[PDB]
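File shown: data-v6.cif. Contents: mmCIF, N, CA and C atoms.
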```cif
data_upload
#
loop_
_atom_site.label_atom_id
_atom_site.label_comp_id
_atom_site.auth_asym_id
_atom_site.auth_seq_id
_atom_site.Cartn_x
_atom_site.Cartn_y
_atom_site.Cartn_z
N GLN A 158 0.83 -1.19 0.00
CA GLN A 158 0.00 0.00 0.00
C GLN A 158 0.87 1.25 0.00
N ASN A 159 0.26 2.37 -0.38
CA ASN A 159 0.99 3.64 -0.46
C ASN A 159 1.30 4.16 0.93
N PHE A 160 2.55 4.57 1.14
CA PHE A 160 2.95 5.19 2.40
C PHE A 160 3.92 6.33 2.15
N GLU A 161 4.33 6.96 3.26
CA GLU A 161 5.28 8.06 3.26
C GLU A 161 6.31 7.82 4.36
N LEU A 162 7.47 8.46 4.21
CA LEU A 162 8.56 8.38 5.17
C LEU A 162 8.88 9.77 5.71
N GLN A 163 9.85 9.82 6.62
CA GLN A 163 10.31 11.09 7.15
C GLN A 163 11.11 11.85 6.08
N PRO A 164 11.15 13.18 6.15
CA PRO A 164 11.96 13.93 5.17
C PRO A 164 13.46 13.78 5.36
N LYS A 165 13.94 13.80 6.61
CA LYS A 165 15.36 13.59 6.86
C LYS A 165 15.77 12.16 6.55
N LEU A 166 14.85 11.21 6.71
CA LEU A 166 15.07 9.86 6.21
C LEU A 166 15.14 9.84 4.69
N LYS A 167 14.31 10.64 4.02
CA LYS A 167 14.22 10.58 2.57
C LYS A 167 15.43 11.23 1.91
N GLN A 168 16.09 12.16 2.59
CA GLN A 168 17.31 12.74 2.05
C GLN A 168 18.48 11.76 2.14
N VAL A 169 18.58 11.02 3.25
CA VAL A 169 19.70 10.11 3.44
C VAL A 169 19.49 8.83 2.65
N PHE A 170 18.37 8.15 2.89
CA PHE A 170 18.02 6.91 2.19
C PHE A 170 17.83 7.13 0.70
N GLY A 171 17.26 8.26 0.30
CA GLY A 171 17.05 8.54 -1.11
C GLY A 171 18.35 8.72 -1.87
N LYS A 172 19.13 9.74 -1.50
CA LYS A 172 20.36 10.05 -2.21
C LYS A 172 21.44 9.00 -2.00
N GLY A 173 21.41 8.28 -0.88
CA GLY A 173 22.35 7.19 -0.68
C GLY A 173 22.01 5.96 -1.47
N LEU A 174 20.74 5.78 -1.83
CA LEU A 174 20.39 4.70 -2.74
C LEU A 174 20.83 5.04 -4.16
N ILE A 175 20.72 6.32 -4.53
CA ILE A 175 21.19 6.80 -5.83
C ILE A 175 22.70 6.63 -5.96
N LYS A 176 23.45 7.02 -4.94
CA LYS A 176 24.89 6.92 -5.07
C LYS A 176 25.39 5.51 -4.75
N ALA A 177 24.51 4.63 -4.28
CA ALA A 177 24.80 3.20 -4.35
C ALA A 177 24.78 2.72 -5.79
N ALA A 178 24.00 3.38 -6.63
CA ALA A 178 23.73 2.94 -7.99
C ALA A 178 24.59 3.62 -9.03
N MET A 179 25.19 4.76 -8.70
CA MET A 179 26.18 5.40 -9.55
C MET A 179 27.59 4.89 -9.39
N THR A 180 28.04 4.67 -8.16
CA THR A 180 29.47 4.51 -7.93
C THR A 180 29.94 3.12 -8.31
N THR A 181 29.05 2.14 -8.27
CA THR A 181 29.38 0.80 -8.72
C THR A 181 28.63 0.40 -9.98
N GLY A 182 27.64 1.18 -10.41
CA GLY A 182 26.78 0.75 -11.50
C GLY A 182 25.90 -0.41 -11.07
N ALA A 183 25.08 -0.18 -10.06
CA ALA A 183 24.29 -1.23 -9.44
C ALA A 183 23.05 -1.55 -10.28
N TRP A 184 22.40 -2.65 -9.92
CA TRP A 184 21.07 -2.99 -10.40
C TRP A 184 20.12 -2.88 -9.24
N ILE A 185 18.88 -2.45 -9.48
CA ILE A 185 17.90 -2.28 -8.42
C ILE A 185 16.63 -3.00 -8.86
N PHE A 186 16.40 -4.22 -8.35
CA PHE A 186 15.10 -4.86 -8.48
C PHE A 186 14.14 -4.18 -7.51
N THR A 187 13.04 -3.66 -8.03
CA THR A 187 11.95 -3.12 -7.24
C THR A 187 10.69 -3.95 -7.51
N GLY A 188 9.60 -3.53 -6.87
CA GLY A 188 8.30 -4.12 -7.09
C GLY A 188 7.57 -3.63 -8.31
N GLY A 189 8.19 -2.75 -9.10
CA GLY A 189 7.68 -2.38 -10.40
C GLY A 189 6.78 -1.16 -10.44
N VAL A 190 5.55 -1.28 -9.93
CA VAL A 190 4.60 -0.18 -10.05
C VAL A 190 4.86 0.86 -8.97
N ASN A 191 4.38 2.08 -9.22
CA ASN A 191 4.63 3.26 -8.38
C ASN A 191 3.74 3.28 -7.13
N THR A 192 4.06 2.39 -6.19
CA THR A 192 3.36 2.26 -4.92
C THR A 192 4.36 2.12 -3.78
N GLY A 193 4.15 2.90 -2.72
CA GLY A 193 4.85 2.73 -1.46
C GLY A 193 6.35 2.90 -1.47
N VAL A 194 7.06 1.77 -1.37
CA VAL A 194 8.52 1.79 -1.36
C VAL A 194 9.05 2.16 -2.74
N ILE A 195 8.28 1.87 -3.78
CA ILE A 195 8.68 2.30 -5.11
C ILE A 195 8.33 3.78 -5.31
N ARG A 196 7.35 4.29 -4.56
CA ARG A 196 7.04 5.72 -4.63
C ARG A 196 8.17 6.58 -4.08
N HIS A 197 8.91 6.08 -3.09
CA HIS A 197 10.06 6.83 -2.61
C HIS A 197 11.28 6.69 -3.51
N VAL A 198 11.42 5.59 -4.25
CA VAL A 198 12.61 5.48 -5.09
C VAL A 198 12.37 6.22 -6.40
N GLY A 199 11.11 6.49 -6.73
CA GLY A 199 10.82 7.31 -7.89
C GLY A 199 11.10 8.78 -7.65
N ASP A 200 10.87 9.25 -6.43
CA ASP A 200 11.27 10.60 -6.07
C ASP A 200 12.77 10.71 -5.85
N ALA A 201 13.41 9.63 -5.39
CA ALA A 201 14.86 9.63 -5.25
C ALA A 201 15.55 9.63 -6.60
N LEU A 202 15.03 8.85 -7.56
CA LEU A 202 15.55 8.88 -8.92
C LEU A 202 15.16 10.16 -9.65
N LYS A 203 14.11 10.85 -9.20
CA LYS A 203 13.83 12.19 -9.71
C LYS A 203 14.92 13.16 -9.28
N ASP A 204 15.46 12.98 -8.07
CA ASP A 204 16.63 13.74 -7.66
C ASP A 204 17.87 13.32 -8.43
N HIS A 205 17.98 12.03 -8.77
CA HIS A 205 19.12 11.53 -9.53
C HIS A 205 19.20 12.15 -10.91
N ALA A 206 18.10 12.07 -11.65
CA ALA A 206 18.03 12.52 -13.03
C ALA A 206 17.85 14.03 -13.14
N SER A 207 18.14 14.77 -12.07
CA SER A 207 18.31 16.21 -12.13
C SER A 207 19.74 16.65 -11.83
N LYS A 208 20.62 15.77 -11.31
CA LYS A 208 21.94 16.25 -10.92
C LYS A 208 23.11 15.33 -11.23
N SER A 209 22.92 14.19 -11.91
CA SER A 209 24.03 13.26 -12.06
C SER A 209 24.01 12.58 -13.43
N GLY B 1157 23.32 12.68 -53.31
CA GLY B 1157 24.02 13.93 -53.05
C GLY B 1157 24.57 14.03 -51.64
N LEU B 1158 24.64 15.26 -51.11
CA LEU B 1158 25.11 15.46 -49.71
C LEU B 1158 24.02 14.96 -48.76
N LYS B 1159 22.75 15.08 -49.17
CA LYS B 1159 21.62 14.60 -48.33
C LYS B 1159 21.72 13.07 -48.21
N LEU B 1160 21.47 12.54 -47.01
CA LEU B 1160 21.55 11.10 -46.78
C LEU B 1160 20.17 10.64 -46.33
N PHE B 1161 19.46 10.02 -47.27
CA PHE B 1161 18.18 9.38 -47.00
C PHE B 1161 18.38 8.29 -45.97
N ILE B 1162 17.64 8.38 -44.87
CA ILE B 1162 17.88 7.50 -43.74
C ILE B 1162 16.60 6.70 -43.52
N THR B 1163 16.76 5.41 -43.22
CA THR B 1163 15.61 4.56 -42.97
C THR B 1163 15.23 4.65 -41.49
N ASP B 1164 13.98 4.27 -41.18
CA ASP B 1164 13.31 4.64 -39.94
C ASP B 1164 13.98 4.16 -38.65
N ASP B 1165 14.76 3.08 -38.71
CA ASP B 1165 15.49 2.66 -37.51
C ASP B 1165 16.65 3.59 -37.15
N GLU B 1166 17.42 4.11 -38.12
CA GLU B 1166 18.35 5.15 -37.69
C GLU B 1166 17.66 6.50 -37.57
N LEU B 1167 16.42 6.63 -38.05
CA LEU B 1167 15.67 7.86 -37.80
C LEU B 1167 15.35 7.98 -36.31
N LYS B 1168 14.84 6.90 -35.72
CA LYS B 1168 14.65 6.90 -34.26
C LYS B 1168 15.99 6.86 -33.52
N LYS B 1169 17.03 6.30 -34.14
CA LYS B 1169 18.33 6.24 -33.47
C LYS B 1169 18.98 7.62 -33.39
N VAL B 1170 18.88 8.42 -34.45
CA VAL B 1170 19.40 9.78 -34.36
C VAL B 1170 18.48 10.63 -33.49
N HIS B 1171 17.20 10.24 -33.38
CA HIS B 1171 16.34 10.92 -32.42
C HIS B 1171 16.71 10.68 -30.96
N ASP B 1172 17.00 9.43 -30.56
CA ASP B 1172 17.28 9.27 -29.13
C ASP B 1172 18.72 9.68 -28.80
N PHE B 1173 19.62 9.62 -29.79
CA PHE B 1173 20.85 10.42 -29.78
C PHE B 1173 20.56 11.87 -29.40
N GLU B 1174 19.63 12.48 -30.12
CA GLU B 1174 19.47 13.92 -30.07
C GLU B 1174 18.80 14.34 -28.77
N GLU B 1175 17.92 13.48 -28.26
CA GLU B 1175 17.35 13.66 -26.93
C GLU B 1175 18.44 13.60 -25.86
N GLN B 1176 19.37 12.68 -26.01
CA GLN B 1176 20.48 12.64 -25.03
C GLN B 1176 21.21 13.97 -25.11
N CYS B 1177 21.61 14.36 -26.31
CA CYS B 1177 22.39 15.59 -26.46
C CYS B 1177 21.72 16.78 -25.80
N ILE B 1178 20.42 16.95 -26.04
CA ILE B 1178 19.75 18.16 -25.58
C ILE B 1178 19.63 18.14 -24.06
N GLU B 1179 19.44 16.95 -23.48
CA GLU B 1179 19.34 16.83 -22.03
C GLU B 1179 20.70 17.03 -21.37
N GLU B 1180 21.75 16.40 -21.93
CA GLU B 1180 23.11 16.48 -21.39
C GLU B 1180 23.62 17.91 -21.44
N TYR B 1181 23.31 18.62 -22.53
CA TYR B 1181 23.69 20.02 -22.66
C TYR B 1181 23.02 20.88 -21.59
N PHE B 1182 21.72 20.66 -21.37
CA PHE B 1182 20.98 21.43 -20.34
C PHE B 1182 21.59 21.12 -18.96
N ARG B 1183 21.87 19.84 -18.70
CA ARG B 1183 22.47 19.44 -17.40
C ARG B 1183 23.78 20.22 -17.20
N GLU B 1184 24.69 20.15 -18.18
CA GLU B 1184 26.00 20.86 -18.07
C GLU B 1184 25.74 22.35 -17.85
N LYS B 1185 25.00 22.99 -18.75
CA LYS B 1185 24.65 24.40 -18.59
C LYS B 1185 24.35 24.77 -17.15
N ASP B 1186 23.35 24.11 -16.55
CA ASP B 1186 22.95 24.49 -15.20
C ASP B 1186 24.01 24.11 -14.17
N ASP B 1187 24.85 23.12 -14.49
CA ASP B 1187 25.98 22.82 -13.61
C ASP B 1187 27.00 23.94 -13.61
N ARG B 1188 27.26 24.54 -14.78
CA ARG B 1188 28.21 25.65 -14.82
C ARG B 1188 27.67 26.89 -14.10
N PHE B 1189 26.35 27.07 -14.08
CA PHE B 1189 25.78 28.15 -13.28
C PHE B 1189 25.90 27.83 -11.79
N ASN B 1190 25.60 26.59 -11.40
CA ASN B 1190 25.63 26.25 -9.98
C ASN B 1190 27.03 25.91 -9.49
N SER B 1191 28.05 26.10 -10.34
CA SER B 1191 29.42 25.94 -9.89
C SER B 1191 30.21 27.22 -10.09
N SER B 1192 29.58 28.24 -10.68
CA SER B 1192 30.26 29.50 -10.95
C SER B 1192 30.58 30.21 -9.64
N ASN B 1193 31.63 31.03 -9.67
CA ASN B 1193 32.10 31.72 -8.48
C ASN B 1193 31.03 32.66 -7.93
N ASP B 1194 30.40 33.42 -8.83
CA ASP B 1194 29.35 34.40 -8.54
C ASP B 1194 28.22 33.79 -7.73
N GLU B 1195 27.79 32.60 -8.15
CA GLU B 1195 26.74 31.91 -7.37
C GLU B 1195 27.29 31.63 -5.98
N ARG B 1196 28.35 30.82 -5.91
CA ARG B 1196 28.96 30.46 -4.61
C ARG B 1196 28.97 31.69 -3.70
N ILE B 1197 29.53 32.81 -4.18
CA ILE B 1197 29.63 34.01 -3.30
C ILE B 1197 28.23 34.31 -2.78
N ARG B 1198 27.22 34.35 -3.66
CA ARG B 1198 25.86 34.77 -3.24
C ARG B 1198 25.18 33.74 -2.32
N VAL B 1199 25.17 32.46 -2.70
CA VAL B 1199 24.44 31.47 -1.92
C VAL B 1199 25.05 31.47 -0.52
N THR B 1200 26.37 31.69 -0.42
CA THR B 1200 27.03 31.82 0.87
C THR B 1200 26.48 33.03 1.62
N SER B 1201 26.28 34.15 0.92
CA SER B 1201 25.71 35.34 1.54
C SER B 1201 24.30 35.14 2.11
N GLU B 1202 23.40 34.57 1.30
CA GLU B 1202 21.99 34.39 1.73
C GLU B 1202 21.92 33.36 2.86
#
```
Take the structure in the file and give it back as structure tokens.
Amino acid sequence: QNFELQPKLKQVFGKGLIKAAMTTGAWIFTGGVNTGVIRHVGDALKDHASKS
Amino acid sequence: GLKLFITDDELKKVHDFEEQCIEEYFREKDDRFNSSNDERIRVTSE
């Protein structure tokens, strides 16, 4: 189901998941559709595809 | 002649080329603004 996280959590977990995926060239299996935990990685990748 | 008739698979290929170029250029552009000395001085001020 759809949820939300803390903002200070979303800055650390969000950008740190992005730089987990840049510095080694990682793969990220998600649950696919834009719900919940995938809703936060879509906003984190929105931060990714604006600065890297 | 100088014109090169291109078939539809490199038509989309030069298109997604060109989308990369336009996005990468915009990214660099705004990076040079957000790394310029003038900005640094100001953002530090505010």
request  = Find the residues of chain A in contact range of chain B, meaning any atom within 8 Å when counting all atoms listed in the file, and list them as an NGL selection string.
outcome  = :A and (207-209)
Could you list, as a compact mmCIF listing (two decimals) with N, CA and C atoms, keeping the file's coordinate frame, every residue matched by the PyMOL selection byres (((chain A and resi 199 and name CA) around 12) and name CA) in this structure?
```txt
# COMPACT_ATOMS: atom_id res chain seq x y z
N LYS A 167 14.31 10.64 4.02
CA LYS A 167 14.22 10.58 2.57
C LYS A 167 15.43 11.23 1.91
N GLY A 171 17.26 8.26 0.30
CA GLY A 171 17.05 8.54 -1.11
C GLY A 171 18.35 8.72 -1.87
N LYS A 172 19.13 9.74 -1.50
CA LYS A 172 20.36 10.05 -2.21
C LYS A 172 21.44 9.00 -2.00
N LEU A 174 20.74 5.78 -1.83
CA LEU A 174 20.39 4.70 -2.74
C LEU A 174 20.83 5.04 -4.16
N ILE A 175 20.72 6.32 -4.53
CA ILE A 175 21.19 6.80 -5.83
C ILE A 175 22.70 6.63 -5.96
N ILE A 185 18.88 -2.45 -9.48
CA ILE A 185 17.90 -2.28 -8.42
C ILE A 185 16.63 -3.00 -8.86
N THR A 187 13.04 -3.66 -8.03
CA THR A 187 11.95 -3.12 -7.24
C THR A 187 10.69 -3.95 -7.51
N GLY A 188 9.60 -3.53 -6.87
CA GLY A 188 8.30 -4.12 -7.09
C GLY A 188 7.57 -3.63 -8.31
N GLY A 189 8.19 -2.75 -9.10
CA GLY A 189 7.68 -2.38 -10.40
C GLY A 189 6.78 -1.16 -10.44
N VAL A 190 5.55 -1.28 -9.93
CA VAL A 190 4.60 -0.18 -10.05
C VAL A 190 4.86 0.86 -8.97
N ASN A 191 4.38 2.08 -9.22
CA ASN A 191 4.63 3.26 -8.38
C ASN A 191 3.74 3.28 -7.13
N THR A 192 4.06 2.39 -6.19
CA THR A 192 3.36 2.26 -4.92
C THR A 192 4.36 2.12 -3.78
N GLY A 193 4.15 2.90 -2.72
CA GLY A 193 4.85 2.73 -1.46
C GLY A 193 6.35 2.90 -1.47
N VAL A 194 7.06 1.77 -1.37
CA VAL A 194 8.52 1.79 -1.36
C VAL A 194 9.05 2.16 -2.74
N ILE A 195 8.28 1.87 -3.78
CA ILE A 195 8.68 2.30 -5.11
C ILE A 195 8.33 3.78 -5.31
N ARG A 196 7.35 4.29 -4.56
CA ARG A 196 7.04 5.72 -4.63
C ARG A 196 8.17 6.58 -4.08
N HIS A 197 8.91 6.08 -3.09
CA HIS A 197 10.06 6.83 -2.61
C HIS A 197 11.28 6.69 -3.51
N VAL A 198 11.42 5.59 -4.25
CA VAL A 198 12.61 5.48 -5.09
C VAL A 198 12.37 6.22 -6.40
N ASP A 200 10.87 9.25 -6.43
CA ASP A 200 11.27 10.60 -6.07
C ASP A 200 12.77 10.71 -5.85
N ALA A 201 13.41 9.63 -5.39
CA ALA A 201 14.86 9.63 -5.25
C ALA A 201 15.55 9.63 -6.60
N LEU A 202 15.03 8.85 -7.56
CA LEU A 202 15.55 8.88 -8.92
C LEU A 202 15.16 10.16 -9.65
N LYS A 203 14.11 10.85 -9.20
CA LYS A 203 13.83 12.19 -9.71
C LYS A 203 14.92 13.16 -9.28
N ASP A 204 15.46 12.98 -8.07
CA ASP A 204 16.63 13.74 -7.66
C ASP A 204 17.87 13.32 -8.43
N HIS A 205 17.98 12.03 -8.77
CA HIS A 205 19.12 11.53 -9.53
C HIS A 205 19.20 12.15 -10.91
N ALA A 206 18.10 12.07 -11.65
CA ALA A 206 18.03 12.52 -13.03
C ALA A 206 17.85 14.03 -13.14
```
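Separating CA of residue 161 in chain A from atom C of residue 186 in chain A is a distance of 18.6 Å.
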Kindly compute an axis-aligned box around the listed atoms of range 191-195 of chain A, allowing 5 Å on each side, and express its centre and edge lengths in Å to one decimal as AutoDock Vina command-line options.
```
--center_x 6.2 --center_y 2.8 --center_z -5.3 --size_x 15.7 --size_y 12.0 --size_z 17.9
```
query = Rounded to one decimal in Å, what is the spacing between CA of residue 1194 in chain B and CA of residue 1181 in chain B?
reply =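 Calculated distance between CA of residue 1194 in chain B and CA of residue 1181 in chain B is 20.9 Å.
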ask   = Mind pulling up the distance from CA of residue 164 in chain A to CA of residue 1198 in chain B?
value =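 Atom-to-atom, CA of residue 1198 in chain B and CA of residue 164 in chain A are spaced 26.4 Å apart.
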All alpha helix (DSSP H) positions in chain A, as a PyMOL selection string = chain A and resi 164-180+194-208
